[PDB]
Amino acid sequence: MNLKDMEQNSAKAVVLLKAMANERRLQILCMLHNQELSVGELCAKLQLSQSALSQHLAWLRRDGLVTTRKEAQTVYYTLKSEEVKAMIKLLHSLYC
Amino acid sequence: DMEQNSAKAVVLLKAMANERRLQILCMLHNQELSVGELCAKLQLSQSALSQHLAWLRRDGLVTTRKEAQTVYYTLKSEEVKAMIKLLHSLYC
Numbered sequence: 001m002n003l004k005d006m007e008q009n010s011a012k013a014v015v016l017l018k019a020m021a022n023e024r025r026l027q028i029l030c031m032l033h034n035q036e037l038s039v040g041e042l043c044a045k046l047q048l049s050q051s052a053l054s055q056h057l058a059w060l061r062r063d064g065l066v067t068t069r070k071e072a073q074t075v076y077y078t079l080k081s082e083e084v085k086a087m088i089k090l091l092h093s094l095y096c
Numbered sequence: 205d206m207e208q209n210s211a212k213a214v215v216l217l218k219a220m221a222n223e224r225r226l227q228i229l230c231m232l233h234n235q236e237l238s239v240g241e242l243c244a245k246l247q248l249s250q251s252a253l254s255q256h257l258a259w260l261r262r263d264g265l266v267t268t269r270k271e272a273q274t275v276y277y278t279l280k281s282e283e284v285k286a287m288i289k290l291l292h293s294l295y296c
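Protein chains in written order, with the deposited numbering: chain A, 1 to 96; chain B, 205 to 296.
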């Protein structure tokens with residue numbers, strides 16, 4: 001009955017939650033709120049090493065929370081899933 | 205700024221990132237409940253919930269109020285309350 005509906009969705013929610021529950025990833029996700037940024041803009045605005053950033057980004061990709069858009073050797077990252085976009089939008093209104 | 209807030213959000217996110225703990229929080233949103241009532245609504249025994257309720261307590265996300273041998277639970281966080289409402293709309 002209604003037990004399983006709540007069960008299956010709580011599971012989907014926990015999926016997004018776990019993907020977001022990490023300091024560096026959240027900072028990155030928050031920075032991509034309604035905008036595209038290149039590696040350079042991200043490492044400077046977060047004071048994160050190129051390699052540290054490279055790892056978190058790769059991870060974010062994998063979980064499909066961020067996408068890319070190339071350009072003469074300059075790639076731009078942006079949010080992907082509608083769920084993270086909304087949670088990020090809310091997190092922004094909560095701490096701003 | 206960024207690091208200070210991302211840290212606070214992450215702590216809330218971590219407390220919510222567990223199926224059972226989330227269901228509990230989902231039940232406690234806008235309606236103080238006893239353990240028995242949570243058990244009834246989630247169809248889980250008290251012992252089955254104990255580990256999750258204890259976790260939610262140590263993180264201050266829920267506060268307990270005793271009354272004539274019965275313990276009542278209340279969702280503390282306004283940020284969590286906001287996130288639960290959004291989660292509800294996103295998956296319901």
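All residues carry an ideal CB built from backbone N, CA and C; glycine is no exception.
Outcome for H292/B when other beta-carbon atoms lying within 10 angstroms are tallied against a minimum of 16 = Stepping through the second sequence from its first residue, residue 292/B is reached at position 88. With fewer than 16 other Cβ atoms within 10 Å, it is exposed.
Is there at least one Cβ from chain A nearer than 9 Å to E207/B's Cβ?
-> As a first step, residue 207/B must be located in the second sequence, where it is residue number 3. Yes, its Cβ sits closer than 9 Å to a Cβ of chain A.
Distance, Cα to Cα, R262/B vs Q73/A?
-> Working through the second sequence from its first residue, we reach residue 262/B at position 58. Working through the first sequence from its first residue, we reach residue 73/A at position 73. So the alpha carbons of these two residues sit roughly 48 Å apart.
At a Cβ threshold of 9 Å, is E241/B touching chain A?
-> Taking the second sequence and counting its residues from 1, the one referred to as residue 241/B is at position 37. Judged by the 9 Å Cβ criterion, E241/B is not in contact with chain A.
In whole angstroms, what is the alpha-carbon distance linking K218/B and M20/A?
-> The sequence position of residue 218/B within the second sequence is 14, counting from 1. The sequence position of residue 20/A within the first sequence is 20, counting from 1. For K218/B and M20/A, the distance between alpha carbons rounds to 9 Å.
Tell me which same chain residues have a C-beta within less than 7 Å of the C-beta of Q27/A, skipping the five on either side of it?
-> Translated into positions along the first sequence, residue 27/A becomes position 27. Answer for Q27/A: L46, listed in chain order.
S81/A versus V66/A: straight-line alpha-carbon distance, rounded | By one-based count along the first sequence, residue 81/A stands at place 81. By one-based count along the first sequence, residue 66/A stands at place 66. Taking the straight line joining both Cα atoms gives about 7 Å.
Taking Cβ positions, are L57/A and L42/A nearer each other than 9 Å?
-> Position 57 of the first sequence holds residue 57/A. Position 42 of the first sequence holds residue 42/A. Yes, they are a contact pair.
Beta-carbon proximity of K12/A to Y295/B, cut-off 9 Å = Reading the first sequence from its first residue, position 12 is the one you call residue 12/A. Reading the second sequence from its first residue, position 91 is the one you call residue 295/B. Closer than 9 Å, so yes.
Counting only beta-carbon atoms, is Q27/A nearer than 9 Å to chain B?
-> On the first sequence, position 27 is the one that residue 27/A refers to. Interface residue, yes.
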